[PDB]
Amino acid sequence: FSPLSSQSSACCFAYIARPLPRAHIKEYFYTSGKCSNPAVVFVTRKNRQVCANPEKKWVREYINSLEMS
Amino acid sequence: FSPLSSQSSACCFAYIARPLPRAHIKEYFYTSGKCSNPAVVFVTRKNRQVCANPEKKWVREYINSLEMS
Amino acid sequence: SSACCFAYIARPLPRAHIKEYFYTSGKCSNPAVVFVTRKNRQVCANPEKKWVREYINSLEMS
Amino acid sequence: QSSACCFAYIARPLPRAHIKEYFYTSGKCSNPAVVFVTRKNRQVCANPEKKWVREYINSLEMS
């Protein structure tokens, strides 16, 4: 059955304008397709969730730098 | 200027059907008006964020109980 | 997991996405109508909601 | 010391009817940006590279 979860999902309503410091990032995820806007969230060392636009090259490069491939 | 923040916001897409055990809840918040659905999130002691319908009696009662705790 | 619903969709499902529906077992602690969607999702909904009580008839008028 | 730059851009296009004016932030700013002013006088940052942003401006210009 669905919704597989009654748990909340992180959604984004703005996109950070300039790349945040790569060293401040520890993890990333793509937001749920249920959200109104497509986004990538970067999780900082202090556990903040910064929203970014999936189409941006820097966002994709940071993802590459966080993935083992 | 707006957006005032680049951080994500927790949104809800389904509402838990049966009341959660009151003892398992430690905090609550209403989700952002930017989300598509209005909702209350109850934070459990295991830190799960469970979505609930703001219009239900048990939900408003649990909120009042938390506020007085 | 279970054959029983634990939560109800917060917003009505667009009518065109619905292919079929069924009720869960009367044994389940929560009463529910499940909609089978175009993309084969099984969505739990509150049988009390006005939109549910019209998406069903809309699927059973014949 | 009177903040006037955009640190983030709105993600979803603003309702065209809600916007009455626009301006670009200064070259002093770390990021280039368009600020749309809504009829309730909210000032919202947007990405100048986006099609909807460029279209709103072109529309705002003609009238």
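Taken in order, these protein sequences are the chains called B, A, D and C. If you use the entry's author numbering, the first sequence corresponds to residues 0 to 68, in order. If you use the entry's author numbering, the second sequence corresponds to residues 0 to 68, in order. If you use the entry's author numbering, the third sequence corresponds to residues 7 to 68, in order. If you use the entry's author numbering, the fourth sequence corresponds to residues 6 to 68, in order. We put the CB at the ideal spot given by N, CA and C, even for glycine.
With fewer than 16 other CB atoms across the displayed protein chains lying within 10 angstroms of its CB, residue 63/D is exposed.
Sequence-distant Cβ neighbours of residue 13/D in its own chain, meaning closer than 8 Å and more than five residues away, are 50. Residue 18/D counts as exposed, since fewer than 16 other beta carbons sit within 10 angstroms of its beta carbon.
Cβ neighbours of residue 15/A within its own chain (closer than 7 Å, five residues either side excluded): 49, 50 and 51. Proximity of chain B to residue 15/C at the Cβ level (cut-off 7 Å) is accounted for by 13, in chain order. At the C-beta level, residue 40/A and residue 7/B come within 8 Å of one another. About 20 Å separates the beta carbons of residue 43/B and residue 56/B, which is beyond the 8 Å limit, so they are not a contact pair. In the DSSP assignment, residue 25/D falls within the unbroken beta strand (DSSP E) covering 24-29. Beta-bridge pairing by DSSP links residue 49/B to 41/B and 6/A.
Burial check for residue 9/B: the Cβ neighbour count within 10 Å reaches 16 or more, so the residue is buried. Checking the DSSP bridge columns, you'll see residue 13/A partnered with 15/D. Interface annotation for the region 48-64 of chain B against chain A: 48, 49 and 50, criterion Cβ-Cβ distance under 7 Å. Here the alpha carbon of residue 0/B sits roughly 8 Å from the alpha carbon of residue 47/D. Taking 7 Å as the upper bound on Cβ-Cβ separation, chain A lies near residues 40, 47, 48, 49 and 50 of the region 16-50 of chain C. For residue 65/C, the enclosing alpha helix (DSSP H) has its first and last residue at 56-67. Separation of residue 61/A and residue 67/A (C-alpha to C-alpha, rounded to the nearest whole angstrom) is 10 Å. Nearest Cα to residue 59/D within the set 22/D, 27/D and 23/D: 27/D.
For a Cβ distance threshold of 8 Å, residue set 12 and 13 of chain C lies close to residue 5/A, ordered along the chain.
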